[PDB]
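Heads up: the structure comes next, in structure tokens.
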2 protein chains.
Amino acid sequence: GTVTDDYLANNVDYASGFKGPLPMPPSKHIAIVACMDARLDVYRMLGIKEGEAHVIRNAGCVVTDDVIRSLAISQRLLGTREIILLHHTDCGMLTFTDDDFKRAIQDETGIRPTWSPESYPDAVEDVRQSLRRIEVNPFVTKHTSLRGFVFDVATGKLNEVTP
Amino acid sequence: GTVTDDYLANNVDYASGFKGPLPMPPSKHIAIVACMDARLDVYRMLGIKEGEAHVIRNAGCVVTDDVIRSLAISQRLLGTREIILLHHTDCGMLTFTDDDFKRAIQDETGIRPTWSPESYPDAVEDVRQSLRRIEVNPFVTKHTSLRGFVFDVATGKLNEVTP
Ligand SMILES: [Cl-]
Ligand SMILES: [Zn+2]
């Protein structure tokens with residue numbers, strides 16, 4: 001069997017004790033943007049319960065156009081008004097560079113991706129940068145709170161970053 | 001205070017129980033592509049433990065270039081070889097079409113987004129189209145298992161989708 005079979009079996013247990021359905025709009029009107037990193041259980045990290053929060057995740061917790069899209073939909077159609085950005089210490093994007101990453105891919109495949117791999121060398125700096133990307137975007141404006149943090153993978157603590 | 005404030009207070013208790021750091025690569029070598037939807041606790045849904053899985057989430061669980069980027073990074077740099085794709089019953093991605101959404105935005109802001117909103121009419125059929133995007137993408141080739149599921153917000157059950 002595979003891990004997917006394993007996780008599917010776990011879903012049976014989850015299903016048996018499931019309470020639902022809940023309304024679609026986030027009850028706590030908040031959106032989290034975070035990293036796909038395996039060590040971030042975003043829900044337990046923030047004490048989130050089902051139905052409270054949108055959670056968006058990608059490699060590097062990068063504010064791409066997909067995140068902008070997802071946030072726009074979140075705010076305009078589902079009434080979220082707060083945004084938490086999560087980066088973290090020891091994160092994957094610190095270990096590599098775009099130019100090297102695309103070069104390796106072109107070696108194997110013969111082509112370079114059209115998209116940017118969006119690596120960055122410093123978590124704290126990039127939270128600031130990430131905050132600036134949301135601030136300057138004309139479609140994500142319905143928030144009354146926008147704050148960014150670095151999750152410490154060694155201690156579990158969230159440390160705020162000043163824009 | 002704000003919801004963000006309450007969530008930070010939750011993190012204090014989280015960090016109290018925290019055990020780390022864990023190694024960066026996912027210990028189960030699997031990536032989950034899921035939805036930001038507030039009713040999906042992806043970790044609990046699949047019995048996921050910290051350090052085991054990459055979890056990617058956006059609006060509508062769409063395989064955008066950002067998801068391909070994140071999968072490519074996940075596979076090439078951090079060794080994942082299984083992919084689980086999730087959609088969900090009762091999509092808010094049904095309630096709107098792209099063109100309508102974009103028009104509303106342009107009416108409000110004067111500006112039309114460059115990005116596709118990526119709405120779809122049917123979750124099940126779009127799981128099939130999602131699976132197809134990954135399979136024919138040249139940058140996400142390393143997986144040995146690629147499977148898609150619709151998550152029922154009323155029962156908590158995953159229903160696999162076949163191509
Ligand atoms: Cl999550
Ligand atoms: Zn990371």
Side-chain angles (χ1 to χ4, degrees), chain A residues 22-34 36 42 48 50-58 61-86 130 133-146, chain B residues 3 33-42 55-70 85-123 126-127 129-130 133 150-151 153:
Chain A
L22 301 184
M24 196 184 298
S27 62
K28 291 293 190 177
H29 304 271
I30 184 154
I32 323 293
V33 177
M36 73 182 184
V42 172
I48 296 172
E50 297 176 16
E52 290 180 356
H54 281 152
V55 174
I56 300 153
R57 309 181 65 152
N58 64 14
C61 1
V62 175
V63 185
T64 65
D65 282 335
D66 189 8
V67 172
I68 296 290
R69 179 189 69 93
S70 297
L71 285 169
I73 290 170
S74 186
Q75 300 185 349
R76 303 185 51 86
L77 297 190
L78 290 167
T80 62
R81 290 181 307 262
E82 311 186 31
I83 301 169
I84 291 173
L85 298 197
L86 305 176
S130 298
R133 287 191 181 184
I134 292 168
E135 292 185 291
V136 86
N137 184 278
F139 311 123
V140 185
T141 49
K142 300 291 143 267
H143 54 95
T144 67
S145 176
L146 169 66
Chain B
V3 180
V33 180
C35 336
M36 65 181 188
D37 191 291
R39 299 163 299 190
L40 280 58
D41 187 354
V42 177
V55 182
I56 302 157
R57 300 174 75 154
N58 63 10
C61 356
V62 172
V63 186
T64 64
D65 296 345
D66 187 10
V67 172
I68 292 300
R69 175 186 74 87
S70 305
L85 186 104
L86 300 175
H87 274 23
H88 64 72
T89 54
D90 180 42
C91 325
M93 311 300 118
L94 266 67
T95 341
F96 76 101
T97 170
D98 296 1
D99 296 337
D100 281 333
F101 184 68
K102 287 184 114 170
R103 196 162 58 251
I105 289 190
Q106 180 170 353
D107 278 345
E108 201 160 302
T109 61
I111 314 179
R112 193 195 297 113
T114 59
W115 35 266
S116 182
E118 287 278 40
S119 76
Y120 48 78
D122 180 70
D126 189 70
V127 173
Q129 195 265 158
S130 279
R133 289 183 172 196
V150 181
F151 171 78
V153 298

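Below, chain A is the first sequence line, B the second, and so on; all start at residue 1. For the numbers below, each heavy atom of this structure counts, side chains included, while hydrogens, waters and symmetry mates do not.
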inquiry  = Taking side-chain contact (heavy atoms from CB on, under 4.5 Å) as the definition, give me every residue that meets it alongside B:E108, ordered by chain and number, with sequence neighbours left out.
reply    = A:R76, A:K142

query = Where is the tightest heavy-atom contact between B:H87 and B:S130, given as atom of each residue plus distance?
reply = CE1-OG, 3.6 Å

inquiry  = Going by side-chain contact (heavy atoms from CB on, under 4.5 Å), name the residues that satisfy it together with B:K102, two or more places apart in sequence or in a different chain.
reply    = B:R112, B:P113, B:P117

message = Measuring only between side-chain heavy atoms, which start at C-beta, is A:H29 closer than 4.5 Å to B:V3?
response = no

request  = Apply side chain to side chain contact (heavy atoms under 4.5 Å, CB included) to the pair A:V62 and B:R69, showing each step before the final yes or no.
outcome  = CA-CA 11 Å; A:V62 175; B:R69 175 186 74 87; 4.0 Å; yes

ask   = Distance-only, no hydrogens or angles: does the B:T89 side chain make a donor-acceptor pair with backbone N or O of B:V153 under 3.5 Å?
value = yes

task = Mind listing the closest non-hydrogen atom pair of A:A34 and A:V42 along with its distance?
result = CB-CG2, 3.8 Å

message = Is there a side-chain contact between B:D37 and B:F151 in this structure, where contact means two heavy atoms from C-beta onward sitting under 4.5 Å apart?
response = no

task = Go through the steps for B:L85 and B:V127 under the test side chain to side chain contact (heavy atoms under 4.5 Å, CB included), then give the verdict.
result = CA-CA 8 Å; B:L85 186 104; B:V127 173; 3.9 Å; yes

query = Between the side chain of B:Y120 and the main-chain N/O of B:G60, is any donor-acceptor distance below 3.5 Å?
reply = yes

request  = Taking the side chain as every heavy atom from C-beta outward, state whether B:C61 and B:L86 have any pair of such atoms under 4.5 Å apart.
outcome  = no

Within-4.5 Å side-chain heavy-atom neighbours: A:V67 and A:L71 = yes

key: Short side-chain to backbone donor-acceptor contact, A:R57 and B:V55, under 3.5 Å   = yes

ask   = Does the B:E118 side chain pair with the main chain of B:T64, one donor and one acceptor, at a distance under 3.5 Å?
value = no

remark   = Between the CD1 atom in A:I30 and the OG atom in A:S145, the distance rounded to the nearest 0.5 Å is 7.0 Å

message = Can you give me the closest heavy-atom contact between A:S70 and A:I56, atom names plus distance?
response = CB-CD1, 3.8 Å

ask   = Are any non-hydrogen side-chain atoms of A:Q75 and A:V140 less than 4.5 angstrom apart?
value = yes

query = What heavy-atom pair brings A:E135 and A:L146 nearest, and what distance separates the two atoms?
reply = CG-CD2, 3.9 Å

Residue pairs, two or more places apart or on separate chains, that pass salt bridge (charged side-chain N to carboxylate O under 4.0 Å, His left out) and touch residues 88-99 of chain B = B:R39-B:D90

inquiry  = Under a 3.5 Å cutoff, is there a donor and acceptor pairing between the side chains of A:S74 and A:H54?
reply    = yes

request  = Could you tell me which non-hydrogen atom of B:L40 sits nearest to which non-hydrogen atom of B:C35, and how far apart they are?
outcome  = CD2-SG, 3.8 Å

Full working for side chain to side chain contact (heavy atoms under 4.5 Å, CB included) between A:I32 and A:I48 = CA-CA 10 Å; A:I32 323 293; A:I48 296 172; 4.1 Å; yes

task = Please lay out, stage by stage, how A:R133 and A:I68 fare under the test side chain to side chain contact (heavy atoms under 4.5 Å, CB included).
result = CA-CA 9 Å; A:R133 287 191 181 184; A:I68 296 290; 5.8 Å; no

Heavy-atom closest contact (A:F139 atom, A:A72 atom, distance) = O-CB, 4.1 Å

